[PDB]
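Presented below is the structure to which this report refers.
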Amino acid sequence: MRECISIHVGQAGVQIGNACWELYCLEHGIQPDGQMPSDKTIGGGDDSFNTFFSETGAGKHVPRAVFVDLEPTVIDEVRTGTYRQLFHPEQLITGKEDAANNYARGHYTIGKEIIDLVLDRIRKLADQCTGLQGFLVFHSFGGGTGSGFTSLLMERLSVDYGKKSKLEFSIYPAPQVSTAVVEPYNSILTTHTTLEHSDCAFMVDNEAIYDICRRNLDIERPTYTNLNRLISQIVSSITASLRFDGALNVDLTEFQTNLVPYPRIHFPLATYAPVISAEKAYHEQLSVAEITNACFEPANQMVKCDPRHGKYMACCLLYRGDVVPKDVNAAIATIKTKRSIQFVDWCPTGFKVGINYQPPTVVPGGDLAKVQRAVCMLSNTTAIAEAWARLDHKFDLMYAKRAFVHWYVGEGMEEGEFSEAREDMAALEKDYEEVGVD
Amino acid sequence: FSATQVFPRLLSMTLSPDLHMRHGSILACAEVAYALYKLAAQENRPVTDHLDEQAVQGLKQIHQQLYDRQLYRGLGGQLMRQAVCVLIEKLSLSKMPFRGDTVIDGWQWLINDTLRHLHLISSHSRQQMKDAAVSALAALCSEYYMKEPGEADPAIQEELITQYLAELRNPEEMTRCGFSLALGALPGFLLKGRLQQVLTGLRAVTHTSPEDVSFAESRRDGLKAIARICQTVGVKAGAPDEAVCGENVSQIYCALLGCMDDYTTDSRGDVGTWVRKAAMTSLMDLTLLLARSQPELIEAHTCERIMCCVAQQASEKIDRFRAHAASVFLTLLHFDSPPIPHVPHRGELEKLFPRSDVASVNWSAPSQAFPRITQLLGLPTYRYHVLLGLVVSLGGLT
Amino acid sequence: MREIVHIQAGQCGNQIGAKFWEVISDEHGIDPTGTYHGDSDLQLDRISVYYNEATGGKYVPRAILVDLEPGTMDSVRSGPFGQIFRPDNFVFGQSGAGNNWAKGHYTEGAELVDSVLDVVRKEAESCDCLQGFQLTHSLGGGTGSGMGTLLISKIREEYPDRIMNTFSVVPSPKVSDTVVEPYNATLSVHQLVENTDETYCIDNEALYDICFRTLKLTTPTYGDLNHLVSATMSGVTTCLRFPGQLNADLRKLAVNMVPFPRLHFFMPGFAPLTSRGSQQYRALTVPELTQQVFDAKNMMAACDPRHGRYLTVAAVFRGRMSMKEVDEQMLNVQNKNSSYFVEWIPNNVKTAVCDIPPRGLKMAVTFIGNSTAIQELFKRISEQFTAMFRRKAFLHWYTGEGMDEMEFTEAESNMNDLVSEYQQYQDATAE
Ligand SMILES: Nc1nc2c(ncn2[C@@H]2O[C@H](COP(=O)(O)OP(=O)(O)OP(=O)(O)O)[C@@H](O)[C@H]2O)c(=O)[nH]1
Ligand SMILES: Nc1nc2c(ncn2[C@@H]2O[C@H](COP(=O)(O)OP(=O)(O)OP(=O)(O)O)[C@@H](O)[C@H]2O)c(=O)[nH]1
Ligand SMILES: [Mg+2]
Ligand SMILES: [Mg+2]
C-alpha cells in the first residue's frame with residue numbers, strides 16, 4: 001500500500017479539508033476522538049483506510065493532513081471544533097499577518113518566514129510514511145495567501161520531493177462571491193507559476209456550485225458551509241478510488257495517464273450526480289441511467305461551460321452504491337444512441353468505467369439525502385477553456401491601466417512577471433484550440 | 001596614481017559578488033577612463049599612454065564576465081545594464097582600440113537585448129535606460145562603426161537598419177518605443193542612402209490603425225526619432241537620400257501635422273496629449289533648422305497651419321501642456337536670426353506678446369495666461385482655432 | 001490583533017492628536033484616569049488596536065508626541081487626558097525650526113529624529129504584530145513640515161513592509177499670515193508623494209469658511225478647527241476600531257482605495273456639521289445624511305467633488321442604521337430612473353455601518369473619497385510658489401542651511417507632473 005498527505009492552504013482550503021475529514025470519518029465510522037471499533041488491528045498495513053489515516057499504538061487515528069493558514073481567525077475555531085482531539089496540534093500551523101488579498105505577499109512578504117517551518121513539519125509526516133504517492137493540495141485562486149503560499153510550497157517541494165505526484169483542488173473565483181478586486185491578477189499569476197508544478201488540478205466555479213445549491217438543493221442563499229458540504233461529496237467520490245480497494249485510478253500516477261494526456265493541459269471537468277435535497281429523500285428513485293444522463297447537463301456540472309461545443313480527450317465514469325454492470329450497460333448504450341460526442345483522434349486515452357461497492361453517506365441533518373447510488377464523471381474537454389477566456393478579459397482590462405500593480409512590484413515582484421503570466425495564458429489558450437482542430 | 005594604483009583595484013572589484021560593489025567599480029572605471037582620455041586630448045596624445053594593455057584587456061573581458069555569469073537578471077539586472085551602457089558610452093567617447101574586435105559585437109548584442117526587453121524593466125527607471133542605451137549606440141555607431149571618413153562599413157549598414165525596420169513593426173509597444181529612438185540617434189554618415197527607408201519606417205509607426213489605438217508612447221518616439229534625424233542630417237539640396245531638402249520636406253511636414261489631431265481617450269484618460277507634446281517640439285526644432293540654412297523651403301500654408309495649431313494648443317484647459325505650447329510659440333515668434341517667413345499678423349503678435357512678457361509671465365497659471373491669450377480673438381486668422389481651443393477650457397471639468 | 005503606532009509632531013499636529021485621542025476615548029467609554037467604565041462589550045473587542053494592556057487592567061495610549069518647542073508638550077501633559085500618554089513618549093528640544101523647512105529636517109529636527117526612532121522602536125517592540133505607522137502634522141511650519149518628512153524617510157528604510165499614513169493639514173493665508181509657508185508646503189508635498197501610501201488632506205481654508213458661514217462663529221479660533229479635525233479623524237478610523245461586515249484593514253483599504261502609487265490624496269469629510277458647547281438640536285435621518293455627505297460644504301477641503309472624476313468612493317455610517325437600509329439607499333442613487341437621484345454620488349462605492357454612535361450625536365456619517373478636484377489644492381500653492389521663486393525671496397535662508405535650488409526645481413517639477421496626471425485622468429471614459 002501507499003499513504004498520502006493532504007496539504008490545505010488559505011481560508012477556503014482549511015474550510016474544505018475539515019468537511020472532507022468529517023465526511024471520511026462518518027463514512028469509515030471513525031469516532032470524533034479517533035476510535036475505530038470495527039478495526040481489528042492497532043497499526044496500519046493490512047486494512048484499506050491506512051492510505052489516508054495513520055494508526056498508532058494507542059489506537060489513535062491521526063488524519064494525514066497538514067493545515068497551514070496565515071490568519072488565526074479560522075484556525076482558532078478549527079482547533080476548538082468538534083474534532084479537537086482528531087487533528088494534531090503540530091499539523092495545524094498559523095501565521096501572524098494576513099496577505100490582505102495579495103500574491104506578492106502570500107509569496108515573498110508572508111511566505112518567506114513560514115516556508116522554513118512548513119517543510120520541517122511536512123518532513124515529520126513524510127518520514128513516517130513508507131511509500132508516499134504524492135500530495136493533495138486544497139486552495140483557491142481568489143485568495144491571495146492560498147495562491148501565493150501554495151505556489152511557493154509547491155515549487156519548494158518540486159526540488160526535494162521531485163519524484164512524487166502532485167494534485168490540486170482550486171476554486172475558480174466568481175464575480176458574485178468575490179472577496180478581492182485583484183482576484184484576476186492572483187489567479188493568472190498562480191496558474192502560470194504552478195502550471196508545471198501540478199500533474200492534475202480540479203477547478204470549482206463558485207457560480208456553478210451556487211446555482212446547484214439554489215436550484216437542486218433548493219436553498220435561498222447557499223452559505224460557504226453549504227457549498228463546502230456539497231464539494232465534500234465530490235471530493236469523497238474522487239478519493240474513493242485510492243481509499244478503497246477499487247480498480248480504477250488507484251494511484252495518483254494513474255490520474256496523469258488516464259485523464260491528463262497532455263502535461264500542459266491539466267484541467268479536467270468533473271460532475272457528480274444525483275443532487276437530491278433532504279426533504280425529497282424518498283420522493284423519486286433515479287436508476288443508474290438517469291444519474292448517468294444527468295451528468296451531461298450544464299446546470300449539474302461543477303464549472304460553467306458547454307462541453308457540447310467541444311471534443312473529448314479522456315473520460316472516466318465511477319459508480320458507487322447499488323450498481324450492476326448489466327444496468328451500466330444500458331447507460332453506456334444510451335450515451336451512444338441518444339447522445340453523441342466526438343473524440344480527439346490524436347489522444348491516446350479513451351473511455352473508462354469503474355464501479356465500487358461502497359454506498360454514499362451524508363451528515364445527520366444535512367442538506368443532501370442518503371441516496372442509494374452515485375455517479376461521478378470526469379471528462380477532459382476543451383470547453384473548459386471558455387472559463388479561462390473570461391478570466392483573461394478582466395485581468396487584461398485591469399492591466400490596461402496598470403491599476404493595483406504598484407502594490408505588487410513593491411513587495412518582491414517584477415513588472416515582467418505579469419507579461420510572462422499573460423504570455424503563458426495566451427499560449428495555453430492557443431494550445432487549447434490547436435488540440436481541437438478538425 | 002589613478003592609472004597605476006587605483007584602476008587595477010577597480011578592475012578586480014568588478015569580480016565582487018556584491019551587487020553595489022560592481023556598479024561602483026564600473027562607474028569608476030568609466031569616469032577615470034573618460035578623465036584620462038580628456039587629459040590625453042590636451043597633448044593630442046593617445047589614450048593608451050596612461051592605461052597599459054593589461055588594464056585594456058579588462059575593459060574587453062568585463063563584458064564576457066557579465067555575459068557568462070548571467071548577471072542581467074533579477075532586480076540587479078537593470079542596474080548592471082545601466083552601468084554597462086554608461087561604460088560603453090564612455091569607452092566609445094574616448095576612441096579606444098576596440099574597433100574590429102568581438103567586444104564591439106558583444107556590446108551591440110547587449111544594446112539590442114536591452115532595447116529588445118523594455119517592458120520587463122520597472123517604470124520608475126525606464127526613461128533612464130531608454131535615453132542611455134540610445135546614446136551609447138549613437139556613440140558606438142559614430143566611433144567604431146566606420147570604414148573611412150564620410151562612409152561606414154556596408155556590412156553593418158545592410159544589417160542594422162534592416163533589423164531595426166523589422167523591429168519597428170513589433171506588436172509590443174515598448175519594443176518600438178525603444179527602437180525608434182535607437183534608429184533616430186544614428187549619425188549622419190550612417191544615414192547616407194538609407195534615409196528614405198528610415199523615414200518611411202518611422203512614418204509607418206506614426207500612422208494610427210485599428211490595432212494601434214492606445215499606442216501613444218510609440219507614436220511619440222516615432223516623432224522624436226524623426227526630429228532627431230532631421231536635426232542631425234541638417235539640410236542639403238540635391239540629395240533626398242542623404243539629408244532633408246525640398247523633395248521630401250512636404251511629406252515630413254504632413255506627418256508632423258497629422259499627429260497633432262490625435263485626441264484618443266483610453267481607459268487611462270487623455271493619453272493623446274503625450275503624442276502632441278513630442279509633436280510640438282518636433283515642429284519647432286525643425287522649423288528653426290531650415291531657418292538656419294534654406295528658409296525658402298518653408299511654405300506659407302504650412303507655416304500658417306503650424307502657427308494656428310500652436311495657438312490652439314496654447315489655449316487648452318491643461319496647465320503643463322499649455323505652458324510648453326506657449327513657450328514654443330514665443331520661441332518661434334521671437335526667433336529673428338534670421339526671422340522666420342510666413343508669420344501671420346507678425347506685428348500684432350509681437351505687440352501682444354512682447355519679449356519682457358516671456359520669462360515674467362507664468363503660462364502654467366490660468367490667471368497669468370488666459371487674459372493674454374483671449375486677446376488673440378481680435379485677429380481674423382487667430383479666431384477659429386483659438387476659439388475651438390478655448391471652448392475646451394470654458395466648459396471642462398476643472 | 002493588529003496594532004497601530006500613532007505619532008504627533010508640531011504644535012498643530014499635537015493639538016489635533018490630543019483632541020482626536022480625547023474624542024475616541026470619550027466615545028469608547030474611558031475615564032480620564034485610565035480605567036474602563038463603558039456600557040458596551042463592543043468597546044473592547046478591538047481596543048488593542050490603539051491601546052496597550054498594561055498591568056492592573058489599564059489601557060496605555062500609543063501616542064508618541066514630539067515637539068522641538070516646549071510649549072504644546074506641557075499643555076498636553078496637563079490636559080484633560082494628559083495623564084494617559086506614557087511620560088517617556090514625549091521628545092522635545094528648546095528652539096524649533098523658525099518657520100524654515102531646512103531647519104526642522106537638516107540642522108534642528110534631525111537632532112531629535114534619533115530620539116524619535118528610539119521611542120517609536122521601544123513602543124513597537126511590545127506589540128505582537130505591527131500593521132503600519134501613523135503621523136499627524138501640518139504642512140505649515142518646520143517641526144511639523146520638516147520633522148514629519150524626516151521621520152517618514154527614516155522609518156521607511158527600517159520598516160519597508162509597514163503602511164505609512166499621514167494627516168497633512170494644508171495651511172491657508174486666512175489662518176496664518178506667514179510668508180514662508182508656500183515653500184514649507186511644497187517641500188513637504190515633495191516628500192509626501194514618494195514615501196507615502198495615503199495622505200488625508202485637511203485644508204484650513206475650508207474649515208475657516210465653514211466656521212465663518214455655516215457655524216456663523218464670530219472669530220473662528222484654532223479650537224473650532226481642531227474640533228472638526230478630530231471629528232473627521234474619529235469618523236475615518238471607525239472600521240479600524242469597531243466590528244462590522246466590512247473588515248477592511250489598513251493595507252486592504254489602501255489597496256482598494258489607491259489604485260495608483262503617486263495618486264493617494266483623499267478629501268475626507270463628516271456630517272452633520274456641529275460646533276462646541278451645545279449640539280443636540282435636530283435629529284438627522286439616513287436620506288438627509290446621504291444627501292449631505294456628498295455636498296462640497298460638508299467636505300474639509302476647498303474642492304468641488306462634482307467637478308472632477310471619481311477614482312474611489314467610500315462612506316462610513318455611525319448609528320442605528322442597518323447595512324440593508326443603507327444598501328437600499330446606495331442602489332437607488334446610482335440609478336437615473338430612481339427619484340431624488342444624484343449625479344455626483346458615483347457607482348461601486350464602499351459603504352460601512354457602525355453601532356456605537358459618536359459623542360453628542362445619535363447618527364452621523366463620514367466620507368473618504370478621492371476626487372480629481374483635489375488638484376485645486378495643489379495649484380493654489382503652485383502659483384504662490386512661483387511668484388516668490390522668480391524673485392528669489394527668502395531663499396538665502398534656505399541656501400545657507402544646506403538646501404539648494406535643485407531640490408526646489410525638483411519639487412516644482414514633481415508637483416507639475418502630479419497636476420498634469422490629475423488633469424489627464426479627470427478626462428477618462430466611464431465605460
Ligand atoms: N468554495 C469556497 N470558496 C471560498 C471559501 N472561502 C473563501 N472562498 C473564496 O476564495 C476567495 C478568497 O480566498 P480566501 O481563502 O478568503 O483567501 P486566503 O487564502 O485566506 O488569503 P487572503 O487573501 O490573505 O485573505 C474568494 O473568491 C472567496 O469567495 C470557502 O470556504 N469555500
Ligand atoms: N488647524 C490648525 N492649524 C494650526 C494649528 N496650529 C498651527 N496651525 C497652522 O500651522 C501652521 C504653523 O505650523 P505649526 O504647527 O504652528 O508649527 P511647528 O510645526 O511647530 O513648527 P515651527 O514653527 O518651526 O516651530 C500655520 O499655517 C498655522 O495656521 C492648530 O492648532 N490648528
Ligand atoms: Mg484569509
Ligand atoms: Mg511650534
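Just so you know, ligand 1 is whichever comes first in the structure, and atom 1 is the first atom listed for that ligand. In what follows, every chain begins at residue 1, and chains take the letters A, B, ... in the order their sequences are listed. Note: hydrogens, waters and symmetry copies are ignored here, and every other heavy atom, side chains too, is used.
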Quiz prompt | For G142(C), the ligand 2 atoms whose distance to one of its heavy atoms is below 4.0 Å | solution = 21 (O), 22 (P), 24 (O)
Quiz prompt | Protein residue, atom and distance nearest to atom 9 (C) of ligand 2, heavy-atom basis | solution = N204(C) ND2, 4.2 Å
Quiz prompt | Residue and atom name of the nearest protein heavy atom (relative to atom 25 (O) of ligand 2), distance in Å to one decimal | solution = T143(C) OG1, 3.7 Å
Quiz item: Do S147(A) and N186(A) meet the criterion of a side-chain donor-acceptor pair at a distance under 3.5 Å?
Solution: no
Self-check item: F385(C) and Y183(C) aromatic centres sub-6.0 Å
Solution: yes
Self-check item: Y398(C) and its ring pair (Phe, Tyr, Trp, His ring centres under 6.0 Å) partner, picked from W101(C), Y106(C), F408(C)
Solution: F408(C)
Quiz item: Crowded around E113(A) CD? As in, over 12 foreign heavy atoms under 6.0 Å?
Solution: no
Quiz item: When you check the side-chain N and O atoms of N226(A) and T223(A), is any donor under 3.5 Å from an acceptor?
Solution: yes
Quiz item: For atom 28 (C) of ligand 2, which protein heavy atom lies nearest, and how many Å away is it?
Solution: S176(C) CB, 4.1 Å
Quiz prompt | Polar contact flag for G144(C) and ligand 2 (N/O pairs, less than 3.5 Å) | solution = yes
Quiz item: Relative to ligand 2, is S138(C) under 4.0 angstrom through side chain, backbone, both or neither, heavy atoms considered?
Solution: side chain
Quiz item: Is the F20(C) to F167(C) ring centre distance short of 6.0 Å?
Solution: no
Self-check item: Criterion side chain to side chain contact (heavy atoms under 4.5 Å, CB included) against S168(C), the qualifying member of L139(C), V189(C), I202(C), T196(C)
Solution: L139(C)
Quiz item: Quick one: does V169(C) get an N or O within less than 3.5 Å of an N or O on ligand 2?
Solution: no
Self-check item: Pick from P220(C), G148(C), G146(C), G140(C): the one approaching atom 13 (O) of ligand 2 most closely through a non-hydrogen atom
Solution: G140(C)
Exercise. Among all protein heavy atoms, pick out the one at the shortest distance from atom 31 (O) of ligand 2; state its residue, atom name and that distance to 0.1 Å.
Key: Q15(C) OE1, 2.5 Å
Practice problem: Show which atoms of ligand 2 fall inside a sub-4.0 Å distance from at least one heavy-atom site of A97(C). | Solution: 24 (O)
Quiz prompt | For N99(C), atoms of ligand 2 separated by under 4.0 Å from a heavy atom | solution = 23 (O), 24 (O)
Quiz prompt | Side chain, backbone, both or neither: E181(C) near ligand 2, heavy atoms under 4.0 Å | solution = side chain
Exercise. For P171(C), counting its heavy atoms only, list the atoms of ligand 2 lying under 4.0 Å from any of them.
Key: 27 (O)
Self-check item: Ring center gap for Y185(A) and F404(A) short of 6.0 angstrom
Solution: no
Exercise. Apply the side chain to side chain contact (heavy atoms under 4.5 Å, CB included) test between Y103(A) and each candidate in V182(A), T145(A), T190(A); give the one that qualifies.
Key: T190(A)
Quiz item: So which of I16(C), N226(C), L225(C) gets nearest to atom 32 (N) of ligand 2, if we judge by its closest heavy atom?
Solution: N226(C)
Exercise. May I ask whether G98(C) places a heavy atom under 4.0 Å from ligand 2?
Key: yes
Quiz item: Which of the listed options, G10(C), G13(C), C12(C), holds the heavy atom that is closest to atom 7 (C) of ligand 2?
Solution: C12(C)
Practice problem: Using atom types as modelled and distance alone, determine if a side-chain donor or acceptor of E183(A) lies under 3.5 Å from a backbone N or O of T179(A). | Solution: yes
Self-check item: Heteroatom proximity flag, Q11(C) to ligand 2, N/O under 3.5 Å
Solution: yes
Quiz item: Can you check whether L207(C) reaches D224(C) side chain to side chain, under 4.5 Å on heavy atoms?
Solution: no
